[PDB]
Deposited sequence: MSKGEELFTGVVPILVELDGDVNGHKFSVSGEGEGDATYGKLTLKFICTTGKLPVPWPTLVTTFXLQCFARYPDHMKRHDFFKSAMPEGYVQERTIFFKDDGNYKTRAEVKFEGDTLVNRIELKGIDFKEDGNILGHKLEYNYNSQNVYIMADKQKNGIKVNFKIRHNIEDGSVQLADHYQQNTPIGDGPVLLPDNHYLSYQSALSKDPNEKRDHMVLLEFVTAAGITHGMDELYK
């Protein structure tokens, strides 16, 4: 009732409303996902004009159900094990020496499309800092994300931080705190600890005049045994 919906290439739509320090913005994204291959292909567009924060700061926020679970560990796929109903994803991402982001996402199919609807609230930012003052390089490091069950929430918990590189040879820490829960009344998979190994590439569509991001991700499960 879940694995099956991810068998081929799935269409994706994402809508984000944002406000970071009283700064109100929107993004809409469309793309394709292919779980068998841990593959994500997306395009995001800032539909309210220029994005106020750095694109690299919105990457994590931008569909884990598209992870590629190796055969032996498919019992640990809570993400697909919650579809079609879906889940709510909540996060708080604190920028090392700066502000933090509070997000709420609703992941679920609409008909044949996999939708993720999100709100995000930004606060406590420095106007001259890495974020608001755009000092992040348009790139992305690779990394692992450690998944764990949450048998109270009957979903899962995730803890990780992303390091965002700065021109001023430094990096900007972004610590993530996440909790996912089933929108449904149904059975779901509760995984034993393991992790998600990511690899991302940011890019630009030459033809495009609006503030956007091209994102290609590859996600794979590991950690089991």
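- Sequence ranges 1 to 2, 65, 229 to 236 have no coordinates in this entry (deposited sequence, numbered from 1, C-alpha basis).
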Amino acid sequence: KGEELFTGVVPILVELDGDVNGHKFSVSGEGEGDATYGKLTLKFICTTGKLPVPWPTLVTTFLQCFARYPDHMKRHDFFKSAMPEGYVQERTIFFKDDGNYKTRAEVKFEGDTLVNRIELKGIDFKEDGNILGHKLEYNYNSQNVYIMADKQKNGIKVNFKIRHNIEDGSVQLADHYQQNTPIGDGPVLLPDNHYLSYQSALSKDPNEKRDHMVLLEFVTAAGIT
From here on, numbers count along this sequence of modelled residues.
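- Comparing the deposited coordinates for 82 to 90 and 145 to 153, the stretch with the larger average C-alpha B-factor is 145 to 153.
- In this entry, 128 to 136 shows the higher mean Cα temperature factor of the pair 113 to 121 and 128 to 136.
- Out of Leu196, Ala174, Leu40, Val59, the entry records its largest CA B-factor for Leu196.
- Between the residues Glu167, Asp192, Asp34, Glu30, it is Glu167 that shows the highest Cα B-factor in the PDB record.
- Ranked within its chain, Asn159 lands in the highest third, by CA B factor from the PDB record.
- Placement of the Cα temperature factor of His72 within the chain: highest third of the modelled residues, per the deposited record.
- Residue-level temperature factors show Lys108 in the lowest third of its chain, judged at the C-alpha atom.
- Among the modelled residues of its chain, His23 has a C-alpha B-factor that falls in the highest third, as given in the PDB entry.
- The deposited CA B-factor of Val53 belongs to the lowest third of values across its chain.
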